[PDB]
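Engineer: Structure supplied as work17.pdb; contents: PDB, C-alpha atoms.
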ATOM      1  CA  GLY A   1       0.000   0.000   0.000  1.00  0.00           C
ATOM      2  CA  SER A   2       3.107   2.142   0.333  1.00  0.00           C
ATOM      3  CA  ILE A   3       3.771   4.755  -2.355  1.00  0.00           C
ATOM      4  CA  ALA A   4       6.634   6.904  -1.023  1.00  0.00           C
ATOM      5  CA  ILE A   5       9.283   4.183  -1.289  1.00  0.00           C
ATOM      6  CA  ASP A   6      12.687   3.998  -2.872  1.00  0.00           C
ATOM      7  CA  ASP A   7      11.831   1.532  -5.656  1.00  0.00           C
ATOM      8  CA  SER A   8      14.967   2.213  -7.739  1.00  0.00           C
ATOM      9  CA  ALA A   9      15.800  -1.516  -8.012  1.00  0.00           C
ATOM     10  CA  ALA A  10      12.267  -2.512  -8.940  1.00  0.00           C
ATOM     11  CA  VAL A  11      12.030   0.139 -11.681  1.00  0.00           C
ATOM     12  CA  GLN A  12      15.264  -0.989 -13.416  1.00  0.00           C
ATOM     13  CA  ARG A  13      14.215  -4.665 -13.150  1.00  0.00           C
ATOM     14  CA  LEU A  14      10.907  -3.988 -14.940  1.00  0.00           C
ATOM     15  CA  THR A  15      12.485  -1.817 -17.615  1.00  0.00           C
ATOM     16  CA  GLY A  16      15.072  -4.581 -18.252  1.00  0.00           C
ATOM     17  CA  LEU A  17      12.434  -7.286 -18.709  1.00  0.00           C
ATOM     18  CA  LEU A  18      10.107  -5.208 -20.882  1.00  0.00           C
ATOM     19  CA  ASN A  19      13.010  -4.140 -23.148  1.00  0.00           C
ATOM     20  CA  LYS A  20      13.847  -7.791 -24.010  1.00  0.00           C
ATOM     21  CA  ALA A  21      10.697  -7.502 -26.171  1.00  0.00           C
ATOM     22  CA  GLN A  22      11.510  -5.113 -29.010  1.00  0.00           C
ATOM     23  CA  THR A  23       8.456  -6.566 -30.759  1.00  0.00           C
ATOM     24  CA  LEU A  24       5.888  -8.788 -29.005  1.00  0.00           C
ATOM     25  CA  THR A  25       2.601 -10.390 -29.970  1.00  0.00           C
ATOM     26  CA  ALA A  26       0.326 -12.417 -27.722  1.00  0.00           C
ATOM     27  CA  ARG A  27      -3.166 -13.660 -27.364  1.00  0.00           C
ATOM     28  CA  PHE A  28      -5.073 -12.853 -24.150  1.00  0.00           C
ATOM     29  CA  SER A  29      -8.159 -14.121 -22.256  1.00  0.00           C
ATOM     30  CA  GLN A  30      -9.474 -11.419 -19.964  1.00  0.00           C
ATOM     31  CA  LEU A  31     -11.986 -11.996 -17.189  1.00  0.00           C
ATOM     32  CA  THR A  32     -13.520  -8.937 -15.451  1.00  0.00           C
ATOM     33  CA  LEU A  33     -15.588  -9.176 -12.300  1.00  0.00           C
ATOM     34  CA  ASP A  34     -17.333  -6.055 -11.025  1.00  0.00           C
ATOM     35  CA  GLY A  35     -16.956  -4.789  -7.489  1.00  0.00           C
ATOM     36  CA  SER A  36     -20.313  -6.180  -6.478  1.00  0.00           C
ATOM     37  CA  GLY A  37     -19.158  -9.681  -7.650  1.00  0.00           C
ATOM     38  CA  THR A  38     -22.415 -10.151  -9.602  1.00  0.00           C
ATOM     39  CA  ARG A  39     -21.287  -9.226 -13.157  1.00  0.00           C
ATOM     40  CA  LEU A  40     -18.572 -11.367 -14.943  1.00  0.00           C
ATOM     41  CA  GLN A  41     -17.434 -10.958 -18.542  1.00  0.00           C
ATOM     42  CA  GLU A  42     -14.793 -12.624 -20.612  1.00  0.00           C
ATOM     43  CA  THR A  43     -13.117 -11.045 -23.634  1.00  0.00           C
ATOM     44  CA  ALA A  44     -10.368 -12.569 -25.802  1.00  0.00           C
ATOM     45  CA  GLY A  45      -8.097 -10.773 -28.200  1.00  0.00           C
ATOM     46  CA  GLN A  46      -4.525  -9.986 -29.188  1.00  0.00           C
ATOM     47  CA  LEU A  47      -1.780  -7.524 -28.332  1.00  0.00           C
ATOM     48  CA  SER A  48       1.019  -6.403 -30.597  1.00  0.00           C
ATOM     49  CA  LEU A  49       3.848  -4.057 -29.608  1.00  0.00           C
ATOM     50  CA  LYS A  50       6.751  -2.625 -31.634  1.00  0.00           C
ATOM     51  CA  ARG A  51       9.215  -0.346 -29.916  1.00  0.00           C
ATOM     52  CA  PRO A  52       9.542   2.554 -29.675  1.00  0.00           C
ATOM     53  CA  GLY A  53       5.894   3.260 -28.618  1.00  0.00           C
ATOM     54  CA  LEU A  54       3.680   1.313 -31.139  1.00  0.00           C
ATOM     55  CA  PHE A  55       0.960  -0.731 -29.377  1.00  0.00           C
ATOM     56  CA  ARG A  56      -2.205  -2.521 -30.540  1.00  0.00           C
ATOM     57  CA  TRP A  57      -4.801  -4.044 -28.120  1.00  0.00           C
ATOM     58  CA  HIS A  58      -7.664  -5.781 -29.878  1.00  0.00           C
ATOM     59  CA  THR A  59     -10.711  -7.379 -28.230  1.00  0.00           C
ATOM     60  CA  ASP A  60     -12.713  -9.832 -30.419  1.00  0.00           C
ATOM     61  CA  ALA A  61     -16.377  -9.470 -31.239  1.00  0.00           C
ATOM     62  CA  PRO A  62     -19.002  -9.290 -29.579  1.00  0.00           C
ATOM     63  CA  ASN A  63     -18.343  -5.672 -28.524  1.00  0.00           C
ATOM     64  CA  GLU A  64     -15.142  -5.678 -30.525  1.00  0.00           C
ATOM     65  CA  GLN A  65     -12.667  -2.896 -29.693  1.00  0.00           C
ATOM     66  CA  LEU A  66      -9.349  -1.877 -31.318  1.00  0.00           C
ATOM     67  CA  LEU A  67      -6.961   0.413 -29.479  1.00  0.00           C
ATOM     68  CA  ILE A  68      -3.772   1.692 -31.153  1.00  0.00           C
ATOM     69  CA  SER A  69      -1.201   3.803 -29.331  1.00  0.00           C
ATOM     70  CA  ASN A  70       1.636   5.668 -31.006  1.00  0.00           C
ATOM     71  CA  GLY A  71       3.808   7.696 -28.669  1.00  0.00           C
ATOM     72  CA  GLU A  72       1.726  10.231 -26.774  1.00  0.00           C
ATOM     73  CA  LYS A  73      -1.564   9.369 -28.624  1.00  0.00           C
ATOM     74  CA  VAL A  74      -4.226   6.647 -28.418  1.00  0.00           C
ATOM     75  CA  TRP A  75      -7.082   5.941 -30.874  1.00  0.00           C
ATOM     76  CA  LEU A  76      -9.830   3.640 -29.686  1.00  0.00           C
ATOM     77  CA  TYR A  77     -12.161   2.261 -32.360  1.00  0.00           C
ATOM     78  CA  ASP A  78     -15.537   0.840 -31.398  1.00  0.00           C
ATOM     79  CA  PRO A  79     -16.954  -0.672 -34.633  1.00  0.00           C
ATOM     80  CA  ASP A  80     -20.356  -1.324 -33.068  1.00  0.00           C
ATOM     81  CA  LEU A  81     -20.770   2.410 -32.332  1.00  0.00           C
ATOM     82  CA  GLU A  82     -18.853   3.475 -35.476  1.00  0.00           C
ATOM     83  CA  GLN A  83     -16.906   5.751 -33.148  1.00  0.00           C
ATOM     84  CA  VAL A  84     -13.199   6.627 -32.623  1.00  0.00           C
ATOM     85  CA  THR A  85     -12.056   8.148 -29.389  1.00  0.00           C
ATOM     86  CA  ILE A  86      -8.823  10.120 -29.575  1.00  0.00           C
ATOM     87  CA  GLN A  87      -6.924  10.590 -26.304  1.00  0.00           C
ATOM     88  CA  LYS A  88      -3.433  11.221 -24.868  1.00  0.00           C
ATOM     89  CA  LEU A  89      -1.972   7.867 -23.377  1.00  0.00           C
ATOM     90  CA  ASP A  90      -1.908   8.368 -19.559  1.00  0.00           C
ATOM     91  CA  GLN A  91      -5.687   8.588 -19.534  1.00  0.00           C
ATOM     92  CA  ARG A  92      -6.480   5.252 -21.163  1.00  0.00           C
ATOM     93  CA  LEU A  93      -3.929   3.258 -18.959  1.00  0.00           C
ATOM     94  CA  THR A  94      -6.697   2.795 -16.440  1.00  0.00           C
ATOM     95  CA  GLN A  95      -9.034   1.039 -18.960  1.00  0.00           C
ATOM     96  CA  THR A  96      -6.121  -0.555 -20.867  1.00  0.00           C
ATOM     97  CA  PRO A  97      -3.575  -1.505 -18.212  1.00  0.00           C
ATOM     98  CA  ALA A  98      -1.603  -3.469 -20.846  1.00  0.00           C
ATOM     99  CA  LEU A  99      -0.518  -0.052 -22.045  1.00  0.00           C
ATOM    100  CA  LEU A 100       2.153  -0.521 -19.317  1.00  0.00           C
ATOM    101  CA  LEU A 101       3.943  -2.954 -21.684  1.00  0.00           C
ATOM    102  CA  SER A 102       4.667  -0.227 -24.256  1.00  0.00           C
ATOM    103  CA  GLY A 103       4.988   2.592 -21.770  1.00  0.00           C
ATOM    104  CA  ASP A 104       7.918   4.778 -20.981  1.00  0.00           C
ATOM    105  CA  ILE A 105       8.643   3.234 -17.587  1.00  0.00           C
ATOM    106  CA  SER A 106      10.433   6.406 -16.633  1.00  0.00           C
ATOM    107  CA  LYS A 107       7.230   8.419 -17.068  1.00  0.00           C
ATOM    108  CA  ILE A 108       4.985   5.693 -15.674  1.00  0.00           C
ATOM    109  CA  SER A 109       7.148   5.347 -12.499  1.00  0.00           C
ATOM    110  CA  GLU A 110       6.403   8.971 -11.635  1.00  0.00           C
ATOM    111  CA  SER A 111       2.770   7.817 -11.290  1.00  0.00           C
ATOM    112  CA  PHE A 112       3.289   4.379  -9.700  1.00  0.00           C
ATOM    113  CA  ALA A 113       5.327   2.911  -6.786  1.00  0.00           C
ATOM    114  CA  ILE A 114       6.717  -0.487  -7.858  1.00  0.00           C
ATOM    115  CA  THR A 115       7.737  -3.559  -5.862  1.00  0.00           C
ATOM    116  CA  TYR A 116       8.532  -7.021  -7.117  1.00  0.00           C
ATOM    117  CA  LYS A 117       9.091 -10.537  -5.872  1.00  0.00           C
ATOM    118  CA  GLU A 118      11.097 -13.001  -7.871  1.00  0.00           C
ATOM    119  CA  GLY A 119      11.021 -16.764  -7.571  1.00  0.00           C
ATOM    120  CA  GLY A 120      12.675 -19.000 -10.137  1.00  0.00           C
ATOM    121  CA  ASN A 121      11.059 -18.719 -13.523  1.00  0.00           C
ATOM    122  CA  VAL A 122       8.614 -16.070 -12.315  1.00  0.00           C
ATOM    123  CA  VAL A 123       9.068 -12.295 -11.633  1.00  0.00           C
ATOM    124  CA  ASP A 124       5.961 -10.621 -10.169  1.00  0.00           C
ATOM    125  CA  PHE A 125       5.520  -6.801 -10.084  1.00  0.00           C
ATOM    126  CA  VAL A 126       2.974  -4.796  -8.159  1.00  0.00           C
ATOM    127  CA  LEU A 127       2.255  -1.207  -9.138  1.00  0.00           C
ATOM    128  CA  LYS A 128       0.466   1.166  -6.771  1.00  0.00           C
ATOM    129  CA  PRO A 129      -0.571   4.646  -7.890  1.00  0.00           C
ATOM    130  CA  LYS A 130       1.390   7.416  -6.140  1.00  0.00           C
ATOM    131  CA  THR A 131      -1.625   9.697  -6.207  1.00  0.00           C
ATOM    132  CA  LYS A 132      -4.948   8.414  -4.741  1.00  0.00           C
ATOM    133  CA  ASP A 133      -6.464  10.390  -7.602  1.00  0.00           C
ATOM    134  CA  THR A 134      -6.901   7.201  -9.649  1.00  0.00           C
ATOM    135  CA  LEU A 135      -9.211   4.334 -10.609  1.00  0.00           C
ATOM    136  CA  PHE A 136      -6.503   1.836  -9.648  1.00  0.00           C
ATOM    137  CA  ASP A 137      -6.002   0.121  -6.361  1.00  0.00           C
ATOM    138  CA  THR A 138      -3.209  -2.197  -7.561  1.00  0.00           C
ATOM    139  CA  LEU A 139      -1.888  -3.430 -10.894  1.00  0.00           C
ATOM    140  CA  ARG A 140       0.142  -6.621 -11.041  1.00  0.00           C
ATOM    141  CA  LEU A 141       2.242  -7.841 -13.901  1.00  0.00           C
ATOM    142  CA  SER A 142       4.100 -11.129 -13.977  1.00  0.00           C
ATOM    143  CA  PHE A 143       6.824 -12.484 -16.238  1.00  0.00           C
ATOM    144  CA  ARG A 144       7.375 -16.205 -16.763  1.00  0.00           C
ATOM    145  CA  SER A 145      10.724 -17.373 -18.194  1.00  0.00           C
ATOM    146  CA  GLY A 146      11.337 -13.722 -18.947  1.00  0.00           C
ATOM    147  CA  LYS A 147       8.189 -13.190 -21.075  1.00  0.00           C
ATOM    148  CA  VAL A 148       5.038 -11.245 -20.206  1.00  0.00           C
ATOM    149  CA  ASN A 149       2.635 -13.744 -18.691  1.00  0.00           C
ATOM    150  CA  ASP A 150      -0.390 -12.335 -16.836  1.00  0.00           C
ATOM    151  CA  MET A 151      -1.822  -9.171 -15.283  1.00  0.00           C
ATOM    152  CA  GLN A 152      -4.323  -8.390 -12.564  1.00  0.00           C
ATOM    153  CA  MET A 153      -5.920  -4.995 -11.916  1.00  0.00           C
ATOM    154  CA  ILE A 154      -8.090  -4.163  -8.988  1.00  0.00           C
ATOM    155  CA  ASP A 155      -9.883  -0.838  -9.151  1.00  0.00           C
ATOM    156  CA  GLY A 156     -10.986   1.204  -6.219  1.00  0.00           C
ATOM    157  CA  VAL A 157     -14.549  -0.171  -6.104  1.00  0.00           C
ATOM    158  CA  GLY A 158     -13.114  -3.688  -6.226  1.00  0.00           C
ATOM    159  CA  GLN A 159     -13.613  -4.573  -9.892  1.00  0.00           C
ATOM    160  CA  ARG A 160     -10.934  -7.166 -10.704  1.00  0.00           C
ATOM    161  CA  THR A 161      -9.600  -7.904 -14.173  1.00  0.00           C
ATOM    162  CA  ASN A 162      -7.318 -10.887 -14.799  1.00  0.00           C
ATOM    163  CA  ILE A 163      -5.516 -11.016 -18.090  1.00  0.00           C
ATOM    164  CA  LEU A 164      -3.863 -14.251 -19.101  1.00  0.00           C
ATOM    165  CA  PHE A 165      -1.445 -14.115 -21.970  1.00  0.00           C
ATOM    166  CA  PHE A 166      -0.667 -17.068 -24.203  1.00  0.00           C
ATOM    167  CA  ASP A 167       1.033 -17.853 -27.533  1.00  0.00           C
ATOM    168  CA  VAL A 168       3.461 -15.048 -26.712  1.00  0.00           C
ATOM    169  CA  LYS A 169       6.031 -14.472 -29.501  1.00  0.00           C
ATOM    170  CA  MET A 170       8.959 -12.195 -28.955  1.00  0.00           C
ATOM    171  CA  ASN A 171      11.016 -10.162 -31.359  1.00  0.00           C
ATOM    172  CA  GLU A 172       9.415 -11.400 -34.563  1.00  0.00           C
ATOM    173  CA  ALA A 173       9.057  -9.034 -37.532  1.00  0.00           C
ATOM    174  CA  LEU A 174       6.167  -6.521 -37.360  1.00  0.00           C
ATOM    175  CA  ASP A 175       5.278  -3.982 -40.116  1.00  0.00           C
ATOM    176  CA  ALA A 176       4.099  -0.458 -39.163  1.00  0.00           C
ATOM    177  CA  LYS A 177       0.985  -1.302 -41.193  1.00  0.00           C
ATOM    178  CA  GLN A 178       0.027  -3.934 -38.626  1.00  0.00           C
ATOM    179  CA  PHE A 179      -0.693  -0.933 -36.341  1.00  0.00           C
ATOM    180  CA  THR A 180      -3.174   0.391 -38.890  1.00  0.00           C
ATOM    181  CA  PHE A 181      -6.946  -0.059 -39.388  1.00  0.00           C
ATOM    182  CA  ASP A 182      -9.654   0.821 -41.895  1.00  0.00           C
ATOM    183  CA  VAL A 183     -11.243   4.113 -40.826  1.00  0.00           C
ATOM    184  CA  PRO A 184     -14.895   3.983 -41.969  1.00  0.00           C
ATOM    185  CA  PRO A 185     -15.809   7.193 -43.701  1.00  0.00           C
ATOM    186  CA  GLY A 186     -17.934   9.546 -41.513  1.00  0.00           C
ATOM    187  CA  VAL A 187     -17.003   7.734 -38.287  1.00  0.00           C
ATOM    188  CA  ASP A 188     -18.055   9.646 -35.111  1.00  0.00           C
ATOM    189  CA  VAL A 189     -14.850  11.097 -33.541  1.00  0.00           C
ATOM    190  CA  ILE A 190     -14.870  11.913 -29.829  1.00  0.00           C
ATOM    191  CA  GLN A 191     -12.471  13.090 -27.044  1.00  0.00           C
ATOM    192  CA  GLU A 192     -13.964  11.628 -23.794  1.00  0.00           C
TER
END
Turn the structure described in the file into C-alpha cells.
Structural biologist:
Amino acid sequence: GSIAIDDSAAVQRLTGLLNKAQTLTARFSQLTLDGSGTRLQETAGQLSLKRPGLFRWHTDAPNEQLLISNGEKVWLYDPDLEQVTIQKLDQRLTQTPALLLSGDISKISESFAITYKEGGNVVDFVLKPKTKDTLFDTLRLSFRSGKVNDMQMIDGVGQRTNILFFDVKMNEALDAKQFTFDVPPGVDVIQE
C-alpha cells in the first residue's frame, strides 16, 4: 500500500524485462468481475507491440474494440458504435492496463510505486498509484521465463480484471501497417 518508497531496483528490473521484447505479440483471455461480484465478462483478443511506442490491443467481437497507441496518442475504435475516441496515453492506462507494456517506464514510475518478488522462472511486479487520484487500487504484472505472462488490476470499487497471456512471440518481424486499421468514412470522432 506504500507509495513513497525507494523503488529504484524494482524500476530498473521492470524496464530490463520489458526491453527484451523489441516486438511482441500475444493472445489474451481477460476476465472482469465487477466490485459487487455479480457481473462477470470474458473477452479474448490480441496484443502487438513494436518499440519505440507502437501498441495494438484488440478485443474480439461481440463488442469488438481496437486500441492503437503511437507515442503520446491513443485511438480507440468501437466498430459497433462506429466511433473513434482520440486521447493522450496516460488517460487510457486505467481502462487498458496493458498499455504498461509499451509505456515509458520512466514516465509511468512517476505515477506508480513499484515492488517485485522473484522466484525461479517467475518475476511478479505490483504497481500502486502514487496519487490516490486514480481508478486503480493495484496493478500486477508477472513475467514467466522472462516473457510477459499475466496481469491483474483491482480498481478502487473492487472490480478485478485478470488477463492471461498465451502464444506469446517475442522479437518477430512486425510492419508499421500492422498498427493500422480501416477508418470507416464519416465515423463519429470523440475526445472523452
Engineer: Could you make a table, as a tab-separated table, of the residues of region 83-144 of chain A that have an atom within 12 Å of an atom of region 20-39 of chain A, each with its nearest atom pair and distance in Å to one decimal, counting only C-alpha atoms, in chain and number order?
Structural biologist:
residue	atom	partner	partner_atom	distance
A:95	CA	A:32	CA	11.5
A:96	CA	A:30	CA	11.4
A:97	CA	A:30	CA	11.7
A:98	CA	A:28	CA	10.5
A:101	CA	A:21	CA	9.3
A:102	CA	A:21	CA	9.6
A:143	CA	A:20	CA	11.5
Engineer: Nearest residue to residue 158 (chain A) out of A:7, A:64, A:72, A:137, using all atoms listed in the file?
Structural biologist: A:137
Engineer: Hey, can you check how far CA of residue 62 (chain A) sits from CA of residue 178 (chain A)?
Structural biologist: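 Separation between CA of residue 62 (chain A) and CA of residue 178 (chain A): 21.7 Å.
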Engineer: Pull out every residue that the PyMOL selection byres ((chain A and resi 108) around 12) matches in the shown coordinates and put them as a PyMOL selection string.
Structural biologist: chain A and resi 11+14-15+89-91+93+97+99-107+109-114+127-130
Engineer: Between A:2, A:152, A:131, A:85, which is the closest to residue 188 (chain A) once you count only C-alpha atoms?
Structural biologist: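 When distances to residue 188 (chain A) are compared using only C-alpha atoms, the smallest one comes from A:85.
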